[PDB]
Protein chains: 4
Amino acid sequence: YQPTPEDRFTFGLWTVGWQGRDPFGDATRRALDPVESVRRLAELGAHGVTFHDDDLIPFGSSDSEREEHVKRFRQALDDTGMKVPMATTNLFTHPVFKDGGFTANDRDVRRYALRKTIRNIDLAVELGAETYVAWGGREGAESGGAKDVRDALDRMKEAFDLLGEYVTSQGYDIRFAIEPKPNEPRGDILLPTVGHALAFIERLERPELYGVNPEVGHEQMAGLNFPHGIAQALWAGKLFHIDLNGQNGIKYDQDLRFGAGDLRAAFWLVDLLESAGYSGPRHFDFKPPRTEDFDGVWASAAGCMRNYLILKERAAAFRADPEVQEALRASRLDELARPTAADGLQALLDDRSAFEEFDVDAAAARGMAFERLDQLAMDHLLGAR
Amino acid sequence: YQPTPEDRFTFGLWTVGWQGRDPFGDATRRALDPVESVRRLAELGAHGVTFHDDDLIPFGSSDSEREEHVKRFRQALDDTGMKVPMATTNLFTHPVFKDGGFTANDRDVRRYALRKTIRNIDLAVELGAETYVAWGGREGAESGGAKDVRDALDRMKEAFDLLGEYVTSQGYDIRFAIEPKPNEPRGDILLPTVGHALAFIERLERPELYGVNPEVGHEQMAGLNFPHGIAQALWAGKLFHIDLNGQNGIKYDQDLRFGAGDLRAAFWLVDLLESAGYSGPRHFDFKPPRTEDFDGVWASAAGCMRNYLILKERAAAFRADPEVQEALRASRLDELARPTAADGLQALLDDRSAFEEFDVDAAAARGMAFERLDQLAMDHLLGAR
Amino acid sequence: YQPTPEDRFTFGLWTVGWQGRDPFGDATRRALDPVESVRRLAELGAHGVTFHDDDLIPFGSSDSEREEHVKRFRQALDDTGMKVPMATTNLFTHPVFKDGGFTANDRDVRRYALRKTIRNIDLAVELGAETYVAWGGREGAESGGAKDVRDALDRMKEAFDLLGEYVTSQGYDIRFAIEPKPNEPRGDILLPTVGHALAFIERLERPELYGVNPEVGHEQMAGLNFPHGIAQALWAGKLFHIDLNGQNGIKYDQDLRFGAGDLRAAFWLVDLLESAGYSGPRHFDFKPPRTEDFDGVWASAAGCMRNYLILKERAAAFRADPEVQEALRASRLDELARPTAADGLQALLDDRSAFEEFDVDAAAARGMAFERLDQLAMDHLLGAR
Amino acid sequence: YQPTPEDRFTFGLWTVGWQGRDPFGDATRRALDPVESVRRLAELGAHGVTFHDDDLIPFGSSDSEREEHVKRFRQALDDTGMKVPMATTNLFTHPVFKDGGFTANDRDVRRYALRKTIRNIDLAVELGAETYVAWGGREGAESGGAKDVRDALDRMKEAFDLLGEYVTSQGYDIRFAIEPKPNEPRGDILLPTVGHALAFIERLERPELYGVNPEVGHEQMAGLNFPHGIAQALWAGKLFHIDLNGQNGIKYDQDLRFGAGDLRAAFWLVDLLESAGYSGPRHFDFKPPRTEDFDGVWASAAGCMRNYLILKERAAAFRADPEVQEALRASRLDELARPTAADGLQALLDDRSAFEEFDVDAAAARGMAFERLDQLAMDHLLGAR
Ligand SMILES: [Mg+2]
Ligand SMILES: [Mg+2]
Ligand SMILES: [Mg+2]
Ligand SMILES: [Mg+2]
Ligand SMILES: [Mg+2]
Ligand SMILES: [Mg+2]
Ligand SMILES: [Mg+2]
Ligand SMILES: [Mg+2]
């Protein structure tokens, strides 16, 4: 189970670079030179890396230092062949963003947030990024009076609309992906789930420029079924990017390596991604636990990719099994894919077999055979067939 | 704090009529004649009632018994002046719906679900219903292989599209409201939150015919902020109906009387509903606990309305307080309502005060004063000012 | 992976016998004759069955019908060789228990609950039960004023103390096991977790007669780590019985088949049960989903046992792997098992290497190597080594 | 509603002193001199302050600087009259504690944790602390193989037993209080709830020296009823100290000011504390949100005390209302307080009115009248009577 760049595995600089600074504790690891991360990730078989503006260029850098950091970074890309498919803006670390970026109550902060974003979009295009992610981590509230949510959604739409005006006026080939999260670091965050972000996008001036970047652990922090949410995003045509990691239920955002947390949900996610032909990056937004030293960092990152590849093989074996294919017919998955009333409304109204002569007791007595199917899926996952 | 029909308080027949049958226990109350509920609710000051088809007409009734039940019901409406603003279909109780109604794997069940719905839409229009609610309680899955969610969303869209074809071909003035719920009775339910339903509606043939019917306890079963979700629905123009009740966090659907559960969320909900001028029914979907006899049923129903009216007075006092209005300015709620860049993109790019000469340290040091505002809201809620 | 009675797999009559009646729906399966369940479970390789008094003897049966039901049941045991290791009382279904059994506010109900329990203890001893389980499903509250919890704990202690007086005065060799649950069907239930029950037992007159019967899904309804809780119960010497099933996070009590829900928690549970030498029944308290017919019932029950046996093999392979054993030493699990200060308090105070000359920076820089260990456990679970 | 030192309100130095450093953001406030906090808290009417060793004496201070910091602190106590009722050890911030303090896998860290604790116990006694709190924030695991929980409980017992040997050998009049928390910063923390800590204490050599320090938000992070848990702790005689704050359901540990979060739970908590005559400190472990400047810090701290005092008045008015007292009799709270069978086991067995002649249908038809009682409590809380 060895990854190749063909597998399109990508990592954020801030992931393997996380120093272990948590709400109750100081850092446990020194900082990583972004050049060193690129080289170690290329050795592990990764396809590319992603970045926040502030990961690459330390905040408040002069134009000249800015240029040094980019040229060093670009040289590591050329030496390794690594790509940069995605980039994003840090609108959450600096104290100025304590009430948000695009939806801060203070107008001058909102204008500053836009300028900081536009500057990094230029840089992301230069480095070849296809997707630009927006995580509004500080957009939200701890108390109800602090934020009028209708006004804040007006400001949020205004920000995204101007960003789309900029990329089209510049003739850039880049698309935006909104990343939802229900809470943390704010008490409640705006657009808290995949569904709220999809709904919001349909009100933008240019909906076709925006999609979602869902993260495994984020939807699970609301107790939701992550493969169900990904299916709705694919159904809407909006799965532009995806963040893979692990999460053990409803609690703080753990960012465990992918495959940890809910293992069966990971199995059904890979099954969905592979059968639907998702072709974007398989990005890992995770944190090697602060118990680890640098050898444990690279072991954890390696494990993300290995676990995806094992699950890919198990899901492919599950769908190819003739015994599973007959189980799928036994549970009538084939009939789910068939139109309910392609004969049309009027034919439906006149069809006595649909109501007057429908035998409800006969239909009700039919078992769905879902438990035998699910045990076949379990046996496959576990390699017990 | 006495309700009048002017307050537009409505109750489902299945609410005060719930016999106490729960997963682990038999009924504790006899059944209520729907005529008797209408009269007792009219005495308490309610504006109207709602119904499932199977609440009013017991399942499998002949055409003749059907007509008797409707005429008895209509007579109670005329005697009391009570209205019927909303109606809905039971697609969850009969065993035939064990894998869903509109998204059952079996095609013939899906056709039967549509015919059962269309029959009740005719009856709801006859009784003057403005809104027709759809709660897909059985649309979902306990296991991942059992339901292809993309296919099921195709079937769900097909069902709602045909329903909209029917109402427009009949020239009916009625609109649909989808009611989301994350889980129970299925392990995960499709369209699990307000956001997922709003997103789904934008893919229907005739989006303008569909809105949402959110329920307090349902969004709280996912840990979400219910007033935030209602604000997004109002922002989208889709709050057609609302279900009020109480819920104590993430657990089974409690359906406590309104005001129980999360009291401060109820305060902020009423504040939002009243300041935005929501003018639809204030519907209570609740269950008097099975510890209660019939006197406790009517006490619980009375309490729903009383608690709304107390919170309405407290929220109105909060917004009218000049001290609160200056606190709102101190926290810059006025600046949130102001466009970020009405001067436009190009003016923003050239505005040096927005980036090159923005003093981030000065902006960052400004306190938001959110805690003083929130304590003013607490004092108001508690009547301690 | 075929079960034998040697594996000590047991099932409740109410499990495979559940008709599918849930809060929102009627039954989907006919009732099962307890004789028929015993025979079908013996065919699947189960070791035995358990019962509530009301599962075996329908409520309100005359003495004569009572005797018929027992003799029929006993004959099925003798024909099959099946055992009855555990029994329990239904103090939750009849409306009389709507405010609880042992802690009902009405004194006469509490006395009735005790008499109903004592009658079934006699029957359980006759049938050879070793353990008598108490699940206080109705002991709790929906509102805060309804129950003084100190008084209710007094009543709860009084009930359990009298039950222990009865078994010792009768010279019975049977022990009690309290089954915790955080909520449902009450809004909050008393003794909501394994920890609260262990604490409560230490206040009984005869603590040695009482232990816990924890259930997988119940502790997970509070977001807790079920293997951690089982370890604390083993540590205290109180794991008398255990209920195995599956649960997908914090929501209504799903009672999925064992191995469904949180798969990695099931792996770590079996690892703990097997390495600690738990020798009691492996009882399954689960519900075949109501989507299923009777063939799906037996497939689901079969799956409970299969999944335990697959996980037993994987956990045994994990602990026997020399590479894992060196990984365990690398993470210092061996040092965790060693006393911190067997040299004693005074030696500790004088040990300069423990404080004055302790190199905190050297200790802090040591990686725990926990991620490599956990990936070895994942590879083992998945059969990828 | 003005606090006096008589009200016994206390604050941690780390509370009003929190700089706003969260997992995703830098500090938003400068550090507070502990002398300045003591003076500002004395002005607000607080009774006293608490501290971690590392709050008062910066880590790694020489003996001489140590003495300066204590003398400065003591002078502020003498100038203000403020007390120090409680103290605790920081065994979570320094990287050396990344796998725990008392249960770290590395033996030498465990010995260091004990020495660091013993040093601060000496200082707490000098300053007059009555209670010494232990929060094992790093005792736990992110993965299942990393910690054998039985071994870790052995080490945990060994640590607490040696601490009790030290205080008794020194003739100190101080008691220990264990503070539970379910998770964060570890994935699961040992002794995760009030119940698990009470159970654990009964296995210590000297149980009478140990009690619990429960925190509002911590039990709510597991979805538990905090007033129920406090009642069990009072029932066991182990409520030595309590931490008051606010929490909005199951998510990261918010540490909102007291009265925020679940308002009705706060009402029932104060009702319980006041009616049971809890006489220890009313300690606030909270965090002024990082949106706030220093004026907002003191407003938030003031609000903690105000909200306790408003709720104290409302709960006292509720219990003194004759209409409530008759409602309590109507719901049979008086009968809950009465022994179930003071006549004894044999009298119970022979009492035909308890079983043979018990009218279950008559008892079952009695309403509990719990909803009318709860609405009286709501009206009282809201000042609507
Ligand atoms: Mg995350
Ligand atoms: Mg992410
Ligand atoms: Mg509900
Ligand atoms: Mg509803
Ligand atoms: Mg259960
Ligand atoms: Mg059970
Ligand atoms: Mg806390
Ligand atoms: Mg605390």
Side-chain angles (χ1 to χ4, degrees), chain B residues 1 26 28-30 220 223-225 246 248-251 256-257 259-267 288-304 306-307 309-311 313-314 331 364-379 381-384, chain D residues 1 26 28-30 220 223-225 246 248-251 256-257 259-267 288-304 306-307 309-311 313-314 331 364-379 381-384:
Chain B
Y1 303 104
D26 295 332
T28 65
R29 297 186 286 267
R30 73 157 170 85
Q220 294 177 353
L224 298 182
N225 184 307
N248 282 114
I250 303 175
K251 60 172 65 148
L256 307 181
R257 80 191 188 278
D262 187 339
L263 179 49
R264 280 199 96 194
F267 171 86
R290 74 197 281 279
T291 58
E292 304 303 290
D293 60 21
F294 276 124
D295 282 340
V297 168
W298 308 119
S300 209
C304 290
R306 172 168 181 93
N307 284 332
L309 293 172
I310 297 174
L311 297 177
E313 174 195 70
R314 302 308 167 79
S331 300
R366 284 192 304 232
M368 299 313 300
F370 289 151
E371 287 291 280
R372 181 173 180 280
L373 174 57
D374 189 57
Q375 190 56 49
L376 282 182
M378 183 80 71
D379 287 353
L381 173 54
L382 297 179
Chain D
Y1 303 104
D26 295 332
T28 65
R29 297 186 286 267
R30 73 157 170 85
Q220 294 177 353
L224 298 182
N225 184 307
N248 282 114
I250 303 175
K251 60 172 65 148
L256 307 181
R257 80 191 188 278
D262 187 339
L263 179 49
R264 280 199 96 194
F267 171 86
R290 74 197 281 279
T291 58
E292 304 303 290
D293 60 21
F294 276 124
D295 282 340
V297 168
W298 308 119
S300 209
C304 290
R306 172 168 181 93
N307 284 332
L309 293 172
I310 297 174
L311 297 177
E313 174 195 70
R314 302 308 167 79
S331 300
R366 284 192 304 232
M368 299 313 300
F370 289 151
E371 287 291 280
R372 181 173 180 280
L373 174 57
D374 189 57
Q375 190 56 49
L376 282 182
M378 183 80 71
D379 287 353
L381 173 54
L382 297 179

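Values below: all heavy atoms of this structure, side chains included; hydrogens, waters and symmetry mates excluded. So that the names make sense, note that chain A is the first sequence line, chain B the second, and so on, each numbered from 1.
Most heavy-atom pairs under 4.5 Å with chain B: of the set D/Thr28, D/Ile250, D/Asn225, D/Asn307, this distinction falls to D/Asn307. When the candidates B/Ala384, B/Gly296, B/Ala265 are compared by the number of heavy-atom contacts under 4.5 Å with chain D, B/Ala384 comes out ahead. Ranked by heavy-atom pairs under 4.5 Å with chain B, the list D/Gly223, D/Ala369, D/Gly249 is led by D/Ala369. In terms of heavy-atom pairs under 4.5 angstrom with chain B, the leader among D/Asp293, D/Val297, D/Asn248 is D/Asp293. Note: B/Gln375 leads B/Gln375, B/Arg29, B/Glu313, B/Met368 in heavy-atom pairs under 4.5 Å with chain D. Between chain B and the residues D/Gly259, D/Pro289, D/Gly261, the largest count of heavy-atom pairs under 4.5 Å involves D/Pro289. The choice from B/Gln220, B/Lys251, B/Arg306 that makes the most heavy-atom pairs within less than 4.5 Å of chain D is B/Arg306.
Of the two parts of D/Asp295, neither the backbone nor the side chain holds a non-hydrogen atom closer than 4.5 Å to a non-hydrogen atom of chain B. Interface remark: D/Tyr1 contributes side-chain atoms only to the contact with chain B (heavy atom separation under 4.5 Å).
The distance from atom CG of B/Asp262 to atom CG of D/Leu263, rounded to the nearest 0.5 Å, is 9.0 Å. In this structure, CG on D/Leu256 lies 7.5 Å from CD on B/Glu371, to the nearest 0.5 angstrom.
In this structure, B/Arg314 contributes its side chain and D/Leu382 its backbone to a donor-acceptor pair below 3.5 Å.
Looking at heavy atoms from C-beta onward, B/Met378 lies out of side-chain contact with D/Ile310 at the 4.5 angstrom threshold.
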